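Chains as they are written, first to last, in the numbering used here: chain G, 4 to 150; chain A, 4 to 150; chain L, 4 to 150; chain B, 614 to 687; chain W, 614 to 687; chain H, 614 to 687. Beta carbons are placed, not taken as given, at the ideal position from N, Cα and C, and that holds for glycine. To start, the structure under review is shown below, and the notes come after it.
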């Protein structure tokens, strides 16, 4: 995640193993139950896309759901690209590039790039955009997996 | 691992016992399952070759796989030496030596040497080179150990 | 152990209880298994002789092995004294004394003395000399305790 | 076990089968385009006659929630 | 137990035997060259007749994934 | 399971039923006004005859502690 250091700057720090394991354990115990979404939200505080793929990729089991989510993440990403067209002409030397759906999904962007966008002024909340897609896709799952 | 200190420099700090034990426990529980690879990747963040041999050497069980991996690590190392020949003439007093496959595998290099290469400017990512060999060798294992 | 402080000096800090307990638990669970040796090696990082006797003295059980090790430690120590004779004439006021087998085993030396030798310039690696004796004696045990 | 060996039982819910499929698909490392081909093809092909019949009625263009709710009573 | 005492059962999968071999090989401390000699030699020699037969057909130059997939049905 | 499928047993305490209701209501995502409509309507409707009778006597305007204490002996 990207956290504030004592000095008063935003720097990246790694997520903790008993945080990781707590994510694992939630999924083990409460599967598709709604409490998973606030839980997720708390444990995703200050998290990167990269950390969010890590969390999704580290799941075991419920592979039908994991595939449905993936496909929701790509749909929501396809929709990001649709709604926000690429911008006019070449990229400025003085500036950094606008993200695509795949940069938001973490796929085409690097960590330093993910830190550029979030730490820069104005900052862009690529975590929160992926977060809604995750929560939206979580609703899809919850609604389906209701019996 | 080699971590950034508060002062703003990169210094070595030892890996934690409940990190060690978490590595052990993953292997105990999920054996050759694919979730082992992102898991590995997270727990190998900022890690040295030396720490990576420590993690491999501390395995118990699955010795056929452990041998297959070793032999993959040496093959990938042999390939490093092949692709990157040694450089022209004697080593400069002002400079430090280029690594071989065995320095990447941690074998012929010392810790201070591993810290020289990574902390120096430009830095060389000998962790990430070993990491790909580990991940590649992990694919070999996963593919074989599929039933 | 003797660790580097934030200020940039080497100072002694005590070993942690859940480190101690992790040493205990390893021995409980894996007895004479080979994984004990890398495990030992990691948990002995930056350790003193004094801390190494603490670890050996805190064992319960496997007393035949513990005696075989002791006797190996004394043999290896007797051998240190043999190979390295005492030096010519009286000890200089400006200098500190050379170690014997029993100083390496921690027995005849004090902590401040163990810190003098290791922190001083050149430093002498009395941990690493005891460490080989421990590892050598660990091989003896492992080879015997194979069935 | 190979991906071709993944098949739906005569009494096995589709759901339990689809889980098995994306687990084994999870251990395939092929290009995405090939894995898309496997998805639309092999899944239905090794599906049981009763559900297979059902899935033929969904036509093409169908998505996983609709397939999964379509073969629920079977 | 000594490395010479490691042998494959008449019904034991090779796989379970190869695991036993590199565990015991893991408690041998000999030079690498000697341990290479042990690998190519002793492993096949104490392998069971049915797999032994199989391994003779792989010829020399063979690697562990190919040996391990070669004696799988045995 | 759908919200319409939530019903009170003939021997089931209302209390255990009301818990089931706001759990399933907790998995409905509808506008608040619709969820208010569901509250006053469906809860009583799928309540058992003995308690249903009781709840009819509370009249309208009733709140959950009073409903919950009203059907306690039933």
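DSSP three-state call for residue 58/G: helix, strand or coil? helix
Pull the bridge partners of residue 7/G from the DSSP assignment, please. 13/G
Are residue 663/H and residue 687/H touching if we call contact CB-CB under 7 Å? yes
Just by C-beta distance, which residues in the stretch 49-69 of chain A are closer than 7 Å to chain L? 57, 60, 61, 63
DSSP state of residue 76/A, grouped into three classes? helix
Whose C-alpha, out of 72/L, 99/L, 108/L, 143/L, is nearest the C-alpha of residue 119/L? The shortest C-alpha separation from residue 119/L is found at 99/L.
Using the C-alpha atoms, what's the distance from residue 107/A back to residue 78/A? 12 Å
Residue 683/H to residue 34/G span [Cα, whole Å]: C-alpha separation (whole angstroms): 36 Å.
Among 63/A, 135/A, 50/A, 36/A, which has the Cα closest to the Cα of residue 7/A? Nearest of 63/A, 135/A, 50/A, 36/A to residue 7/A, Cα basis: 50/A.
Can you pull the chain D residues whose beta carbon is under 8 Å from the beta carbon of residue 17/G, in chain order? This model lacks chain D altogether, as its protein chains are G, A, L, B, W and H.
Excluding the 5 residues flanking residue 16/L on each side, which residues of the same chain have their C-beta closer than 6 Å to its C-beta? Scanning its chain for C-beta atoms nearer than 6 Å, with the 5 sequence neighbours on each side dropped, one finds around residue 16/L the residues 6, in chain order.
Using only the alpha-carbon positions, how far apart do residue 103/L and residue 126/L sit? 15 Å
Nearest-angstrom Cα distance between residue 136/L and residue 13/L? 25 Å
Just to confirm before moving on: does the CB-CB distance between residue 41/A and residue 145/A stay below 7 Å? no
Quick check on residue 27/L: does DSSP put it in helix, strand or coil? When secondary structure is reduced to three states using DSSP, residue 27/L falls in the helix class.
Strictly under 7 Å for the Cβ-Cβ distance: is residue 631/B near chain G by that measure? yes
Check whether the Cβ of residue 20/A lies closer than 7 Å to any Cβ atom in chain G. No, because no Cβ of chain G sits closer than 7 Å to the Cβ of residue 20/A.
With H, G and I counted as helix, E and B as strand and the rest as coil, what does DSSP make of residue 128/L? coil
Using only the alpha-carbon positions, how far apart do residue 71/G and residue 639/H sit? 22 Å
Assuming residue 20/G contacts residue 21/A under a Cβ cut-off of 8 Å, what Cβ separation, rounded to an integer in Å, is found between them? 7 Å
For a contact defined as C-beta to C-beta under 9 Å, what are the partners of residue 32/G on chain B? Under the 9 Å cutoff, chain B gives no residues; its nearest Cβ is about 19 Å from residue 32/G.
May I ask you to report which of helix, strand or coil DSSP gives residue 69/L? Correct three-state label for residue 69/L: helix.
Roughly how far, in whole angstroms, is the beta-carbon of residue 621/H from the beta-carbon of residue 659/H, given that I think they are within contact range, below 8 Å? 6 Å
Check distances from the C-beta atoms of the stretch 640-652 of chain W to those of chain L and list, in chain order, the residues that come in under 7 Å. 640, 642
What would DSSP say about residue 660/W, mapped onto helix, strand or coil? coil
How about residue 36/L: is its C-beta nearer than 7 Å to some C-beta of chain W? no
Cβ closer than 8 Å: which chain A residues qualify as neighbours of residue 677/W? Simply 67, 70, 71, 74.
Buried or exposed by the 16-neighbour rule on C-beta atoms within 10 Å, applied to residue 635/H: exposed
What are the boundary residues of the alpha helix (DSSP H) that includes residue 633/W? 627-639
Within chain A, partners of residue 23/G - CB distance below 9 Å: Per Cβ cutoff of 9 Å: 25, 42, 45, 46.
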